[PDB]
Amino acid sequence: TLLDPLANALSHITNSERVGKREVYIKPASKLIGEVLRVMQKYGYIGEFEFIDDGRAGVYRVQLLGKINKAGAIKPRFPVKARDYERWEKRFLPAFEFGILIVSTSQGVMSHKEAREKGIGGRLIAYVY
Amino acid sequence: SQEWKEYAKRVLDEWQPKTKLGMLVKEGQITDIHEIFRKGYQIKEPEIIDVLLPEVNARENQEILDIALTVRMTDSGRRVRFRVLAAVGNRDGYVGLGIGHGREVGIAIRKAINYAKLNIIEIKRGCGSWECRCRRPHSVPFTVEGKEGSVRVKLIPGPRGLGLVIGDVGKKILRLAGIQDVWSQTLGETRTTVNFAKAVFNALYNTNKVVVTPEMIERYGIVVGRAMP
Amino acid sequence: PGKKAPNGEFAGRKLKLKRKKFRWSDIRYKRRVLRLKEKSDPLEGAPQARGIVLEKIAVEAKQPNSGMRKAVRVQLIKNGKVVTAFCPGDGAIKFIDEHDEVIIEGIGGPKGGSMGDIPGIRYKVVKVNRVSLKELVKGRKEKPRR
Amino acid sequence: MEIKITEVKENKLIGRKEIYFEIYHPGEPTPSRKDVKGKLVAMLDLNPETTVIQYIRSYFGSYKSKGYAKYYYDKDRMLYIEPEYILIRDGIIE
Amino acid sequence: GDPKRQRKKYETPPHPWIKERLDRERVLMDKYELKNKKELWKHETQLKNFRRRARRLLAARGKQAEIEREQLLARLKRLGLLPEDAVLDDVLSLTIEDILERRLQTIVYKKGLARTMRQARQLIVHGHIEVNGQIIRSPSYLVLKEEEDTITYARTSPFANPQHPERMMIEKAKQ
RNA sequence: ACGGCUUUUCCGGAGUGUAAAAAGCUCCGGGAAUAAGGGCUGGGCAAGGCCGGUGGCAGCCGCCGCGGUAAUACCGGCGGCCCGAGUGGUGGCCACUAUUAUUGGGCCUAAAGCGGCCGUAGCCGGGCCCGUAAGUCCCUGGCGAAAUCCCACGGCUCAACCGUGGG
Ligand SMILES: [Mg+2]
Ligand SMILES: [Mg+2]
Ligand SMILES: [Mg+2]
Ligand SMILES: [Mg+2]
Ligand SMILES: [Mg+2]
Ligand SMILES: [Mg+2]
Ligand SMILES: [Mg+2]
Ligand SMILES: [Mg+2]
Ligand SMILES: [Zn+2]
């Protein structure tokens, strides 16, 4: 049954855009989904999006640009110390400043490049590149 | 660089082409190797490369990976024929790899070296490791993977000075292309050099299938083809 | 086939139990924790032994070979068991007399066992009366006790 | 041999002075004890029978040796706190 | 547990019979006239350690990584192997033939004190050379930079007299 | 094969060193004089298409594999290759092995899906809002002996070893 409406979202995006689609409808829509999309757009990976309500959890219209290689979800959601990012970067991304590693810090959701500035940690949730 | 530059001036006369790219080349229109590739042509005349990459035949830009004789039975014994695998490339930015078949060893080598010029590709180089952060074209720009047969390879960037740490018949291919430092992680059966060679070739090809921003370029140093020879 | 069984965050115990239970289906780890080499082993965890010869024999080589390989029957000291040893070198069987104190090594085959065509021999003589058989076979030294 | 003295350090409790010097002698053996004692007792004009030479030793291929000597005000004090073997090696007592 | 055992300061090759490796090390042994291979791997390790040290201080950050960073350029250029304005990245482009140019043998030969490298070895090991006023009898000493100019003959050596029938053959080559 | 040179090492001799000795170190007299073995030589794997023995016998062989009267593979001689005051043999652990797999393995036909279904503990669990602060994150006090590990500098001829500082 439905256990993770975030993994479904990122895998559906990566299946769609790999074949050529220009729009997707993320069916169940948390505020955590939208909070990922907010920072997955700022770096230049998707177009623009809005929330279409239908009396049951709403949906998400997101239109692609054909500019991502692979997205997914770090599932066990390990915690990371503030000085120990590179160790996890050498497992997911393919170069020294490639992609982003979305972290759920104590002050919102933000890419690790903005966590190492303020020096904080938090559970990992997903990764895009 | 002269003897391998009068060679083209000698070849460019006694060659009356039959395809169309031949006409384009022999009429001075197309004049540089970097402009027959990303446009959807077909290449069937092996003299086109002798004129734009005249060094591909220098005997130190050539290589004979394996030779093996195979057999088929018949009611009058066994009929035995060879198979050679050969690669060619200037040690800058271009490689090719082909096979060829025959019933003796010079003829198989000849056809192999031929079909290794009609299977040529250009790659992307850079420096994407975590240790070295210079901007020089000695290594792969970012990890890539290519598969073949039953053999998966994965090529990881490595810091300047560390050599080539890969199998035996990977070193020849990665030395003919210009790469000088790399790491590696493989699977499957890596004793059949045909499949191992084709997986390394496919990984080097897949190098140019990853999307990059106009700013990631001046952070790894990605050069395409030659880079100030 | 599914994904993989206990990939949870608070699922440590089941994971450790799964791995510990499927480690026993191995055969090198089982043979080590139980200490099964010993108590089935006439040399008892040693790299040599010393025995007293009883007789001299010869064996037949394997299927696609032809010959007879010379050998001896040694009776150990620390146990009293009987092992079959093999004399290496061209003309060694001409020195081993009865009632000799010989030394005994392995033979170095796969899995510590036997090797080559000699199928059931797994020990080889090195010293006879404290004079290296290697020398005796090629001159270079004299033999004690007659 | 030519001697340079590097440290004369007094001592009011034991009642003595420590003399740290060094010999420079390229092409000659290590000096004797009689000879170093003579040069010292002529240089600083001490008593020639209360001064002891604790050690002189030569380093690896340096043609320069390091010494260290002790000199006493009272005689019997020396003969009381100083060990036995050093007086014999330096010949004072027998 | 166990106490400290002393450990070897070099590393062998992984496979002892790679062809294009023997034919590459054969050249360096004949050119500098080393005694045995164990004398050469010592320097290869002496270099690999530098590379492995400057390879960790470059993906690092903090207070004390900074302090150690500039203590690697310090020695690495006080020893002569780098120029006076080199950045950290140059430690990665060093080559074995740059260490082997710093043994005492090569320096006593690259200054006219000897006729040929296999003669400077005997000159040293019999005790005639003199590095900064101190006889040294080890031809593999890595000479520093602050003293490269102060190498002469011993003050009490037969060579230190410009009439020795051997010491005059020496400059018969410098022409 | 002729000419010269040196004395680290080697014999005697003098200082010094040491609780007394001995080693060691500085100076003298002689002398190139006193000082290279061990394993491999068919492929994996660097190195011979040479000579004489042996005739499915003797032997070799970690695995594949040689020997049947024309042996590059066994026994010698002559050549050559790798290490070198060392070099080979037999046992044990790690890597090799993604043949124990959290990173990171498999399950139609190759080893492996319970004959089928219900269900207890346990692991996994939809959307929104308001509190708490156990988990998790950052700052700061008290602890986790010395020796051991990495780095710079200094002392024994450099170095092994020892000291003063930073981790
Ligand atoms: Mg032979
Ligand atoms: Mg060979
Ligand atoms: Mg398997
Ligand atoms: Mg929920
Ligand atoms: Mg401690
Ligand atoms: Mg000193
Ligand atoms: Mg030091
Ligand atoms: Mg210490
Ligand atoms: Zn680089």
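Residues numbered from 1 in each chain as written, not as in the entry; some residues may be left out. Chains lettered and ligands numbered in written order. Part of a larger assembly, values for the part shown. Heavy atoms only, no water.

By the method listed in its record, cryo-EM, this PDB entry was determined to a resolution of 3.3 Å.

J.: Tell me about the overall build of chain C, residues and numbers included.
T.: Each helix and strand in chain C was counted, giving three helices and five strands. Scaling as 2.2 N^0.38, a compact globule of 146 residues should have a C-alpha radius of gyration of about 15 Å, whereas chain C reaches 23 Å, well beyond that. With respect to the principal axes defined by its C-alpha atoms, chain C has extents near 75 × 40 × 25 Å. Partitioning the contacts of chain C with sequence separation of at least 6, the portion at a separation of at least 24 is 47%. When the accessible surface of chain C is summed, it comes to about 10,900 Å², and 51% of that surface belongs to carbon and sulfur atoms. (Helix = DSSP H or I, 4+ residues; strand = E, 2+ residues; numbered from the N terminus. Rg over C-alpha atoms; globule rule 2.2 N^0.38 Å. Contact = heavy atoms within 4.5 Å. Areas by Shrake-Rupley, 256 points an atom, 1.4 Å probe, with all protein chains shown as cover.)

J.: Residues and numbers for the protein's contact with RNA strand F, please.
T.: Looking at RNA strand F, there are 83 residues lining it, with C:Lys37, D:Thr30, D:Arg33, D:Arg89 and E:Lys37 nearest. If you look at RNA strand F and keep only atoms within 4 Å of the protein, 71% of those are sugar or phosphate atoms. The side chain of C:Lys4 places a nitrogen or oxygen atom 2.7 Å from a phosphate oxygen of RNA strand F. Within the side chain of C:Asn65, one N or O atom sits 2.9 Å away from a base oxygen of RNA strand F. Residue assignment for the surface near RNA strand F shows that the elements contributing at least two residues are β5 (79-80) of chain A, α1 (12-22) and β2 (68-76) of chain C, β3 (52-58) and α3 (85-89) of chain D together with α2 (38-54), α3 (64-78) and α6 (117-125) of chain E. With four residues, α3(E) is the largest single contributor of residues to the surface near RNA strand F. (Near = heavy atom within 4 Å. Polar contact = N/O pair within 3.5 Å; in protein donor to acceptor, adjacent residues only side chain to side chain.)

J.: Please provide a residue-by-residue account of the interface of chain B and chain A, values included.
T.: Contact with chain B, which involves 14 residues of that partner, is made by eleven residues of chain A. Interface of chain B and chain A: buried area, both sides summed, is about 1,200 Å²; carbon and sulfur atoms make up 63% of it. For the chain B face of the interface with chain A, the top three residues by lost area are B:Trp130, B:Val211 and B:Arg219, together amounting to 48%. Put simply, chain B and chain A have one salt bridge between them. For A:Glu97, the salt bridge is made with B:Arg219, and the minimal N-O distance between the two is 3.3 Å. Inspection of the region where chain B meets chain A yields three residue pairs in polar contact. (Buried area = accessible area lost by both parts, 1.4 Å probe. Salt bridge = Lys/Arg side-chain N within 4 Å of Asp/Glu carboxyl O.)

J.: Summarise the packing of helix α5 (residues 168-176) of chain B against helix α6 (residues 193-206) of chain B; cite the residues concerned and give the values.
T.: Residues and elements named next belong to chain B. For the pair α5 and α6, the least separation of the axes is 10 Å and the interaxial angle reads 35 degrees. The chirality of how α5 crosses α6 is right-handed. Contacts between α5 and α6 involve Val-169, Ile-173 and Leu-174 from the former and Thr-193, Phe-196, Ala-197, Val-200 and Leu-204 from the latter. (Axes fitted to C-alpha atoms, helices over the stretch in contact; angles between N-to-C directions. Left-handed = near helix turned anticlockwise from the far one by under 90°.)

J.: Mind laying out the nonpolar core, listing which residues take part and the relevant values?
T.: In globular proteins that are soluble, nonpolar side chains generally tend to be buried together. Residues and elements named next belong to chain B. Ranked by internal contacts, the top residues of the largest apolar core, which has 36 residues, are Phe-142, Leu-155, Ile-173, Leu-174 and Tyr-220. For this core, the secondary structure elements donating two or more residues are β2 (77-88), β3 (94-98), β8 (151-156), α5 and α6. The element best represented in this core is α6, accounting for seven residues. Among residues more than four places away in sequence, those in contact with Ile-173 are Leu-65, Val-95, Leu-97, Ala-197, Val-200 and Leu-204. (Core = buried A, V, L, I, M, F, W, Y, C linked by side-chain atoms within 4.5 Å. Buried < 20%, exposed > 50% of the residue type's maximum accessible area, 1.4 Å probe, protein only.)

J.: Outline the packing of aromatic side chains, supporting the account with residue identities and numerical values.
T.: With the rule as written, the count across this model stands at 17 aromatic pairs over all chains. Residues B:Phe37 and B:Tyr94 carry aromatic rings whose centres are separated by 6.1 Å and whose planes lie at 25 degrees to one another, so their mutual orientation is stacked. Here B:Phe37, found in the loop between α2 (21-26) and α3 (47-52), pairs with B:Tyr94, found in strand β3; they are 57 residues apart in sequence, far enough to count as distant. Each of the two residues, B:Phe37 as well as B:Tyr94, counts as buried. Relative to D:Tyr68, the ring of D:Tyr20 has its centre 4.8 Å away and its plane inclined at 55 degrees; by these criteria the two rings are tilted. Pair noted here: D:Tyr20 is in strand β2 (residues 16-24) and D:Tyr68 is in strand β4 (residues 64-72), with a separation of 48 residues, a long-range link. Just above the ring of C:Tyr29 sits the side chain of C:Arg23; from NZ or CZ to the centre is 4.4 Å. Over the aromatic face of D:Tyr55 sits the side chain of D:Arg57, whose NZ or CZ is 4.3 Å from the ring centroid. (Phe/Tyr/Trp six-rings, centres within 6.5 Å; stacked < 30°, edge-to-face > 60°. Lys NZ or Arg CZ within 6 Å of the ring centre and 35° of its normal.)

J.: Help me get a handle on the coordination of the zinc ion (ligand 9), residues and values and all.
T.: All names here are of chain B. Taken together, the protein donors to the zinc ion (ligand 9) comprise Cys-127 (SG), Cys-132 (SG), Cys-134 (SG) and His-138 (NE2), at separations of 2.1 to 2.3 Å. Look at where the donors of the zinc ion (ligand 9) fall in the sequence and you get C-x4-C-x1-C-x3-H. The residues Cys-132 and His-138 share a single accessibility class, namely buried. (Donors = N, O, S within 2.8 Å, 3.2 Å for Na, K, Ca; no water.)

J.: Quick one: what's the story with the pattern of salt bridges, residue by residue and with numbers?
T.: Enumeration over the complete set of coordinates arrives at 35 salt bridges over all chains. Salt-bridge contacts for A:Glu50 lead to A:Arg61; the nearest nitrogen and oxygen are separated by 2.4 Å. Remark: A:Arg61 occurs in strand β3 (residues 59-64) and A:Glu50 occurs in strand β2 (residues 46-52); sequence separation between them is eleven residues. Taking the relative accessible area as the measure of exposure, A:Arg61 reaches 30% and is therefore partly exposed. Salt bridges sharing partners connect three or more residues here, namely D:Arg16, D:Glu18, D:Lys70 and D:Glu82.

J.: Can you explain the UniProt feature "domain: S5 DRBM" in chain B? Please cite residues and give values.
T.: When the UniProt feature table is mapped to this numbering, "domain: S5 DRBM" covers residues 60-123 of chain B. Between the end C-alpha atoms of residues 60-123 of chain B the distance is 20 Å, and the span holds 17% helix and 55% strand. (UniProt positions renumbered as here; feature names shortened; annotations may be inferred.)

J.: Hey, could you go over α3(E) for me, with residue numbers and the actual values?
T.: All names here are of chain E. Along its 15 residues, α3 runs 22 Å from first to last C-alpha, staying within 8% of the 21 Å computed at 1.5 Å per residue. Every buried residue of α3 is accounted for by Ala-65, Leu-72, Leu-73, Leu-76 and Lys-77. Seen along its axis, α3 keeps its buried residues to an arc of 105 degrees; they face one direction. Residues of α3 that are exposed and point more than 90 degrees away from the buried face comprise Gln-64 and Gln-71. Of the surrounding secondary structure, the elements contacted by the buried residues of α3 are α2. Directly after α3, the chain includes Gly-80, whose backbone phi takes a positive value near 105 degrees. (Expected span 1.5 Å × (residues − 1). Arc of directions from axis to C-beta.)

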